[PDB]
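Below is one structure, written out as structure tokens; the observations come after it.
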Amino acid sequence: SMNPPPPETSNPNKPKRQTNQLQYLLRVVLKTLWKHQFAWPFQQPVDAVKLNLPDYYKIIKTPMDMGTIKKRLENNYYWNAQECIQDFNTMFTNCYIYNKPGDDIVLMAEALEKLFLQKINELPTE
Ligand SMILES: Cn1nnc2ccc(Cc3cccc(CO)c3)cc21
């Protein structure tokens, strides 16, 4: 019970869309960040039981991780790039909320966020 259900990766009453920008967010942005040496903490939902973080979901009420984002992109779950970028930003912000400046996990998120921003600065045109 320490872990809530992970965020949904499909929703039949939500419309889907496929765009050049969403394709780029999967092929270039997510799949490149995924290979970074600091990506591993963010490739799956925070497991509060395995990680000995029993208060994580007492603090973080909109969890997000790159595994969820990846599955959402593979499902064409998002309407537009902004919706996907919002999930990335939630993932980073959650890490800064739960942890403190200078923590190793925060140094990891800070470096990934910089790479993320570099890659979404220019997106393809439709
Ligand atoms: C994804 N996430 N969000 N908050 C976390 C806290 C601890 C962890 C585990 C962890 C991983 C790398 C470095 C440390 C030490 O700083 C701890 C993962 C978290």
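Letters A, B, ... go to the chains of the structure tokens in the order shown; residues in each chain start at 1; ligands are counted from 1 in the same order.
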Which residues come within 8 Å of segment 55-66 of chain A, counting only C-alpha atoms, excluding same-chain residues fewer than 4 positions away, as a PyMOL selection string? chain A and resi 2-4+6-7+30+34+42-46+48+70+87-88+90-91+94+97-98
Write the selection just made, keeping N, CA and C atoms, as a short mmCIF file (atom, residue, chain, number, x, y, z; two decimals), in the first residue's frame?
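Saved as again_27.cif:
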data_model
loop_
_atom_site.label_atom_id
_atom_site.label_comp_id
_atom_site.auth_asym_id
_atom_site.auth_seq_id
_atom_site.Cartn_x
_atom_site.Cartn_y
_atom_site.Cartn_z
N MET A 2 2.15 1.10 0.30
CA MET A 2 3.06 2.24 0.31
C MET A 2 3.17 2.87 -1.07
N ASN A 3 3.07 2.07 -2.12
CA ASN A 3 3.12 2.55 -3.49
C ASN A 3 1.71 2.69 -4.04
N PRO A 4 1.35 3.85 -4.57
CA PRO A 4 0.07 3.99 -5.25
C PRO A 4 0.13 3.34 -6.62
N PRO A 6 0.62 3.22 -10.48
CA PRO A 6 1.39 4.11 -11.34
C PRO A 6 0.46 4.93 -12.22
N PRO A 7 0.92 6.07 -12.74
CA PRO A 7 0.06 6.87 -13.62
C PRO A 7 -0.38 6.08 -14.84
N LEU A 30 13.36 11.61 -25.52
CA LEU A 30 13.30 10.59 -24.47
C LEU A 30 14.36 9.52 -24.68
N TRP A 34 17.33 8.69 -22.04
CA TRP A 34 17.26 7.37 -21.44
C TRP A 34 18.64 6.73 -21.33
N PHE A 42 15.15 7.45 -13.01
CA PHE A 42 13.97 8.08 -13.58
C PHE A 42 13.31 7.20 -14.63
N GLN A 43 13.77 5.96 -14.79
CA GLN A 43 13.27 5.08 -15.83
C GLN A 43 12.03 4.30 -15.40
N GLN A 44 11.58 4.47 -14.16
CA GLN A 44 10.42 3.76 -13.65
C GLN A 44 9.84 4.58 -12.51
N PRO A 45 8.58 4.34 -12.15
CA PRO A 45 8.01 5.04 -10.99
C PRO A 45 8.85 4.81 -9.75
N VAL A 46 8.92 5.83 -8.90
CA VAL A 46 9.60 5.68 -7.62
C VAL A 46 8.96 4.53 -6.85
N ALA A 48 8.65 3.19 -3.51
CA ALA A 48 8.88 3.65 -2.15
C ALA A 48 9.28 2.50 -1.23
N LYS A 70 7.55 7.37 -21.65
CA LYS A 70 7.86 6.53 -22.80
C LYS A 70 6.64 5.73 -23.24
N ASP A 87 4.89 16.66 -18.59
CA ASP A 87 5.20 15.48 -17.78
C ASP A 87 6.69 15.42 -17.44
N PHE A 88 7.57 15.75 -18.39
CA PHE A 88 8.99 15.83 -18.07
C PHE A 88 9.23 16.84 -16.95
N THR A 90 7.18 17.92 -14.67
CA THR A 90 6.67 17.39 -13.40
C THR A 90 7.66 16.41 -12.79
N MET A 91 8.24 15.54 -13.62
CA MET A 91 9.23 14.59 -13.13
C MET A 91 10.41 15.31 -12.49
N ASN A 94 9.23 17.24 -9.18
CA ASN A 94 9.00 16.31 -8.07
C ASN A 94 10.31 15.98 -7.38
N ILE A 97 11.32 18.84 -5.28
CA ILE A 97 10.43 18.99 -4.14
C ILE A 97 10.80 18.01 -3.04
N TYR A 98 10.92 16.73 -3.39
CA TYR A 98 11.16 15.70 -2.39
C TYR A 98 12.55 15.82 -1.76
#
Enumerate, as number ranges by chain, the complete set of residues in chain A that a backbone-based DSSP assignment places in alpha helix (DSSP H). A: 20-24, 31-33, 56-59, 66-74, 81-98, 104-120
Atom 17 (C, counted along the ligand's line) of ligand 1 to atom CA of residue 32 of chain A, distance in Å rounded to a single decimal: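 The value is 21.8 Å.
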Quick check, in Å to one decimal: how far apart do atom CA of residue 69 of chain A and atom CA of residue 29 of chain A lie?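 Those two atoms sit 11.2 Å apart.
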What is the atom CA of residue 116 of chain A to atom 3 (N, counted along the ligand's line) of ligand 1 distance in Å? 17.0 Å
Residue 10 of chain A environment, 12 Å, only C-alpha atoms, sequence neighbours closer than 5 positions dropped, as a PyMOL selection string: chain A and resi 15-16+68-78
Please produce an output containing N, CA, C and O atoms for each residue in the selection, written as a compact mmCIF listing (two decimals), in the first residue's frame.
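Just written: part.txt:
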# COMPACT_ATOMS: atom_id res chain seq x y z
N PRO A 15 -8.57 11.57 -26.33
CA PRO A 15 -8.19 11.40 -27.73
C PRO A 15 -6.68 11.33 -27.89
O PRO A 15 -5.91 11.88 -27.09
N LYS A 16 -6.25 10.59 -28.91
CA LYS A 16 -4.85 10.40 -29.25
C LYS A 16 -4.43 11.35 -30.36
O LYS A 16 -5.26 11.86 -31.12
N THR A 68 6.93 5.94 -17.64
CA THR A 68 5.55 6.33 -17.92
C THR A 68 5.46 7.21 -19.16
O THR A 68 4.59 7.01 -20.02
N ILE A 69 6.33 8.22 -19.26
CA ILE A 69 6.32 9.08 -20.43
C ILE A 69 6.57 8.27 -21.70
O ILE A 69 5.91 8.48 -22.73
N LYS A 70 7.55 7.37 -21.65
CA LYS A 70 7.86 6.53 -22.80
C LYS A 70 6.64 5.73 -23.24
O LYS A 70 6.31 5.69 -24.43
N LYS A 71 5.96 5.09 -22.29
CA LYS A 71 4.78 4.31 -22.62
C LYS A 71 3.67 5.20 -23.16
O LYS A 71 2.94 4.80 -24.08
N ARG A 72 3.52 6.40 -22.61
CA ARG A 72 2.52 7.33 -23.13
C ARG A 72 2.83 7.72 -24.57
O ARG A 72 1.93 7.78 -25.42
N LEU A 73 4.10 7.98 -24.88
CA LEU A 73 4.46 8.33 -26.25
C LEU A 73 4.24 7.16 -27.20
O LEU A 73 3.76 7.34 -28.33
N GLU A 74 4.56 5.94 -26.74
CA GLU A 74 4.36 4.76 -27.56
C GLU A 74 2.89 4.49 -27.82
O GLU A 74 2.54 3.94 -28.87
N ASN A 75 2.02 4.89 -26.89
CA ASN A 75 0.57 4.74 -26.99
C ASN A 75 -0.10 5.86 -27.77
O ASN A 75 -1.30 5.78 -28.04
N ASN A 76 0.65 6.89 -28.17
CA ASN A 76 0.09 8.13 -28.72
C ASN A 76 -0.93 8.74 -27.76
O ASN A 76 -1.95 9.30 -28.17
N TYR A 77 -0.61 8.66 -26.47
CA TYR A 77 -1.50 9.10 -25.40
C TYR A 77 -1.68 10.61 -25.39
O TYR A 77 -2.74 11.11 -24.99
N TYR A 78 -0.66 11.36 -25.79
CA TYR A 78 -0.67 12.81 -25.68
C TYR A 78 -1.37 13.46 -26.86
O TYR A 78 -1.30 12.97 -27.99
With distances taken over only C-alpha atoms and all ligand atoms, which residue among A:47, A:79, A:85, A:67 lies nearest ligand 1?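 So, comparing all the options, the nearest one is A:47.
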